[PDB]
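Please read the structure below before turning to the comments.
In what follows, every chain begins at residue 1, and chains take the letters A, B, ... in the order their sequences are listed.
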Amino acid sequence: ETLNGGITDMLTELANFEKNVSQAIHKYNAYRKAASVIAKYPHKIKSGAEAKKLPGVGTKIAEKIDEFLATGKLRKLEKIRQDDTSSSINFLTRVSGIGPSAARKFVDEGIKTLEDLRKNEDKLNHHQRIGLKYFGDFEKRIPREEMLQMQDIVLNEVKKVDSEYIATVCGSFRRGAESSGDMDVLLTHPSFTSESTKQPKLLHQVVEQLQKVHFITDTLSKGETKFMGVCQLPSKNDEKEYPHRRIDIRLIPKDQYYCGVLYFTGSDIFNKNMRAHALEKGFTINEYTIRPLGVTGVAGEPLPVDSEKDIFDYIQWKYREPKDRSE
DNA sequence: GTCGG
DNA sequence: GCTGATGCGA
DNA sequence: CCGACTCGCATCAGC
Ligand SMILES: Nc1ncnc2c1ncn2[C@H]1C[C@H](O)[C@@H](COP(=O)(O)CP(=O)(O)OP(=O)(O)O)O1
Ligand SMILES: [Mg+2]
Ligand SMILES: [Mg+2]
Ligand SMILES: [Mn+2]
Ligand SMILES: [Mn+2]
Ligand SMILES: [Mn+2]
Ligand code: NA
Ligand code: NA
Ligand code: NA
C-alpha cells in the first residue's frame, strides 16, 4: 500500500528471521534500518543501485532488491519459509514470553505448534502461559477509538488514587496512529523525582486500582517502576466481549518527564536516529536525560528540559510533531 | 548487513 | 534456601 | 580490511 511496500515487507521478514532464528540482533537492526530508510524514500525504487544510494542499504540488500524487482520473490526467503525448523521457531516467538532461545529449545523437543504448547503447558512459565492464552488477541490491532476508551479508564482511575498523578499515553497512540499494537502509559507523581527517596507503592497503587475495576486482568511483570500486563475494556449486556490487550506502564521521575515522553513516544528507530544525531552534536540522550559531551567524550550533568522541543533545540533539529516520528 | 575509519 | 546467570520484552 | 552496532523484571541452574 506504500511506495516501496514490497521491498520493506521483504526486509522486515528477513529482519525477523535474523532475530528469531539466527539470533543475530545486529543483522535484525541492519534490515530494519534499511527498511526504515527505504520507507521514507520519496520515489518508487527501480533498481538495487538506486536503493544502494541510501544510508543503510548496502551490497547484499541492493542485490536482494534486484532479485525481488525482477522475479517478484526472494529465493532466500522461500528457503526460509520452507525450512521446518526456521518456520517453527519463527512461529513460536509470536507467543509473548517465548523468545529465540525458548523457541529453539521447544522445537528441538518436537514442540513446534500451538497445540504442542497447549499439550505441554506444564513446561511454560507464567508469562508464556498468558501469551498462549491471549495469542489471538495479542495479534489483533487496537483501533484508535478503543484506545480513547482505554485512555479514559486509565486517566480517570489514576485520578481516583491521587489527584496529582499524571498519566500520559505514549507509543504509537501519541504518534497519531489509527491503530495501535498495545497501550503505553507514562506515569509521574510530584513525590518521585531524581533527587527524592524511593516512594514505594507509587506504581502499585495505580496498578491495584486498575485491577479493582477489572481493567487490568493479568500481570506479566511488576516492579516499582515498570508494569507489563493485560487489560480489557468492559463489555455491555452480554455483547461481544472486547479482546484482551497488552499494556505497559512506566513510572519516571517528574523532573525527567519530557525526556521520558520523547523516548516513550518513539518510534524506536526515530529514537535511534535522534540519539545518533545527538552524538554528532556533542550530546548524549537516553530515556531520562540529555547530557553534554566533553573534550574527552565524557557525559556532563543533565541539561534543563521543559519541553520536547528543548531536546530538539539542543541538538539543532527542527521540531518533529509526534505524528512525524513514526520511522 | 552496513559503514566508518 | 540463596546467588549468580540468563532469557524476555522493549 | 574489521569492529561497532540498554534495563527492569522473572526464572532457575548450580550449588
Ligand atoms: N526495542 C526497544 N527498546 C527500548 N525501547 C523501545 C524499543 N522499541 C520501542 N521502544 C520505545 C519507543 C516506543 O514508542 C515505545 C513503545 O514501544 P512499543 O513496543 O509499545 C512499539 P509502539 O511504538 O508503541 O507501536 P505499536 O506497535 O505498540 O502500535 O517504547
Ligand atoms: Mg529525489
Ligand atoms: Mg477475559
Ligand atoms: Mn503436534
Ligand atoms: Mn506501543
Ligand atoms: Mn509497549
Ligand atoms: Na548480529
Ligand atoms: Na548505502
Ligand atoms: Na515471543
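- The side chain of A/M228 has C/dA10 as its nearest neighbour among C/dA10, D/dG8, B/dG1.
- Listed pair A/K226 / D/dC9 fails the phosphate criterion, with no side-chain N or O lying under 4.0 Å from OP1 or OP2.
- In this structure, of B/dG1, C/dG9, D/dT11, it is C/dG9 that holds the atom nearest to the side chain of A/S96.
- Contact annotation for A/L124: no contact, since no heavy-atom pair falls under 4.0 Å across all strands.
- Among the protein residues, A/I25 comes within range of no part of the nucleic acid, since none of its heavy atoms lies under 4.0 Å from any strand.
- With distances taken from any side-chain atom of A/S101 to the nucleotides D/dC9, C/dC8, B/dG1, the minimum falls on C/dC8.
- Put simply, CZ on A/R250 is 8 Å from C1' on D/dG8, counting in whole angstrom units.
- Among the protein residues, A/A102 comes within range of the sugar-phosphate backbone only, with heavy atoms under 4.0 Å from sugar or phosphate atoms but none that close to a base.
- Listed nucleotides: D/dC5, D/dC9, C/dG9. Nearest to the side chain of A/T225: D/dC9.
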Carefully, step by step, assess A/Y257 and A/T168 under the rule side chain to side chain donor-acceptor pair (under 3.5 Å). CA-CA 10 Å; A/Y257 171 79; A/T168 310; 3.0 Å; yes
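- Atom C1' of nucleotide D/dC7 and atom CG of A/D248 are separated by 14 Å, given to the nearest angstrom.
- Computed from coordinates, the A/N29 CG to D/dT6 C1' distance equals 12 Å when rounded to whole Å.
- Around atom CD of A/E115, no more than 12 heavy atoms belonging to other residues, nucleotides or ligands sit under 6.0 Å away.
- Set against C/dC8, B/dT2, D/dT11, the side chain of A/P100 has C/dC8 as its closest nucleotide.
- Relative ring orientation between A/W317 and A/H277 is described as parallel, the plane-to-plane angle staying below 30° on a 0-90° scale split at 30° and 60°.
- Counting to the nearest Å, the P atom of C/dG9 and the CG atom of A/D268 are 15 Å from each other.
- As a whole-Å value, the separation of A/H126 NE2 from D/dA10 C1' is 10 Å.
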Between A/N273 and A/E327, does a side chain to side chain donor-acceptor pair (under 3.5 Å) hold up when you go through it step by step? CA-CA 9 Å; A/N273 288 331; A/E327 304 191 338; 2.7 Å; yes
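- Residue A/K222 is classed as a sugar-phosphate contact, given heavy-atom separations below 4.0 Å to backbone atoms only.
- At the phosphate of D/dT6, neither OP1 nor OP2 sits under 4.0 Å from any side-chain N or O atom of A/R275.
- Using a 4.0 Å cut-off between charged nitrogen and carboxylate oxygen, A/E146 and A/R245 count as a salt-bridge pair.
- Contact annotation: A/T93 does not reach the phosphate of C/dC8 (side-chain N/O to OP1 or OP2, under 4.0 Å).
- Here A/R246 lies in heavy-atom contact (under 4.0 Å) with sugar-phosphate atoms only.
- Note: A/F91 and A/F106 fail the aromatic proximity criterion, with ring centroids not under 6.0 Å apart.
- Per the geometry, NE2 belonging to A/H26 stands 11 Å off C1' belonging to B/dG1, to the nearest Å.
- Among the nucleotides C/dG9, D/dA10, D/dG8, the one closest to any side-chain atom of A/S221 is D/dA10.
- Across all strands, A/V95 comes closer than 4.0 Å only to sugar-phosphate atoms, never to a base (heavy-atom distances).
- Following rounding to the nearest Å, A/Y28 (OH) and B/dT2 (P) show an atom-to-atom distance of 17 Å.
- In this structure, CG of A/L11 is placed 10 Å from P of B/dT2, rounded to the nearest angstrom.
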